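The authors' numbering numbers the first residue of the sequence shown as 3 and each following residue consecutively.
Ideal Cβ positions, reconstructed from N, Cα and C, are used throughout, including at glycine.
Down below is the structure, laid out as structure tokens.
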Amino acid sequence: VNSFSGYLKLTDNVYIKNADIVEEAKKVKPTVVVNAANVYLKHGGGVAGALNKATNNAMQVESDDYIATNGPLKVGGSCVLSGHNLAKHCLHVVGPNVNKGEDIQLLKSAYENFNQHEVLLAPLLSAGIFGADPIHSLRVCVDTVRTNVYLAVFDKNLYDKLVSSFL
Ligand SMILES: O=C(O)[C@@H]1CCCN(C(=O)c2ccnc3[nH]ccc23)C1
Numbered sequence: 003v004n005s006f007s008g009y010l011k012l013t014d015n016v017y018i019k020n021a022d023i024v025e026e027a028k029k030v031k032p033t034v035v036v037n038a039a040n041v042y043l044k045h046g047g048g049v050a051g052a053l054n055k056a057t058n059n060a061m062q063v064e065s066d067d068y069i070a071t072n073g074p075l076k077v078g079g080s081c082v083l084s085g086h087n088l089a090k091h092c093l094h095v096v097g098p099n100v101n102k103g104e105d106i107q108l109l110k111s112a113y114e115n116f117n118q119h120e121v122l123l124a125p126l127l128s129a130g131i132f133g134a135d136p137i138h139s140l141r142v143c144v145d146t147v148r149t150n151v152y153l154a155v156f157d158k159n160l161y162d163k164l165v166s167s168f169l
């Protein structure tokens with residue numbers, strides 16, 4: 003038993019809710035919240051900008067030190083940093099950005115990072131401003147992640163489309 007509430011169960015291990023991931027993180031305080039990161043951990047907009055704003059820019063300060071030490075992430079890669087006031091940990095995961103021409107096949111590699119964590123609160127990778135089809139992202143999620151994932155979809159219209167079209 004865990005504290006996630008109001009989710010629709012899609013599969014054995016994948017759950018979905020129309021929710022603001024920032025507000026969901028603030029209430030649940032999950033062990034892991036996933037950020038829709040880029041390779042530079044520049045949290046300017048989308049999910050990343052919202053998560054970072056909710057940390058009062060502490061996420062960005064920590065991220066800048068991480069990059070100064072380690073260099074950029076790989077597309078499809080991840081790193082574990084603090085969850086600040088939102089979660090114990092933040093798993094920064096880089097899905098491919100279609101608006102930059104990155105290979106969509108890397109979306110499966112991106113979701114594989116979730117398997118290193120027993121339970122996660124997450125957005126749909128490569129959705130939103132990353133330009134992928136969220137229905138495809140949900141399919142890859144279901145077919146790749148084996149650990150327990152609670153997906154938060156900000157847009158109610160999109161949420162209904164994702165549920166109604168789910169196979
Ligand atoms: O989900 C939607 O409707 C939008 C379009 C797809 C990408 N988005 C998210 O992944 C998301 C989900 C939940 N809270 C969020 N806060 C900021 C982004 C965000 C936003």
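Measuring only the C-alpha atoms, how far is residue i from residue j?
i: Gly103; j: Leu127; result: 16 angstroms
i: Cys143; j: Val36; result: 13 angstroms
i: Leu108; j: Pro98; result: 6 angstroms
i: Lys28; j: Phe156; result: 15 angstroms
i: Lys11; j: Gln118; result: 21 angstroms
i: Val49; j: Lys55; result: 10 angstroms
Are there 16 or more other CB atoms within 10 angstroms of the CB of residue i, so buried, or fewer, so exposed?
i: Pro74; result: exposed
i: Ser139; result: buried
i: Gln62; result: buried
i: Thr57; result: buried
i: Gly47; result: exposed
Let me check one thing: in DSSP terms, what residues is residue i bridge-paired to?
i: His91; result: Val34, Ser84
i: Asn20; result: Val155
i: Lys110; result: Per DSSP, none; premise fails for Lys110.
i: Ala124; result: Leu153
One question on the structure: do residue i and residue j come within less than 8 angstroms of each other, judged by their Cβ atoms?
i: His94; j: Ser80; result: yes
i: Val24; j: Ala52; result: yes
i: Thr146; j: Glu120; result: no
i: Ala154; j: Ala21; result: yes
i: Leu83; j: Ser111; result: no
Let me check understanding here. Comparing Cα to Cα, which of the options lies closest to residue i?
i: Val30; options: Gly8, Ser167, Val41; result: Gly8
i: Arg141; options: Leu164, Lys158, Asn159; result: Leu164
i: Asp162; options: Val151, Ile137, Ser111; result: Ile137
i: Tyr113; options: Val151, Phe6, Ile18; result: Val151
i: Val77; options: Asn159, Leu122, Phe168, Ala38; result: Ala38
i: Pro32; options: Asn4, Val16, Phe132; result: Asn4
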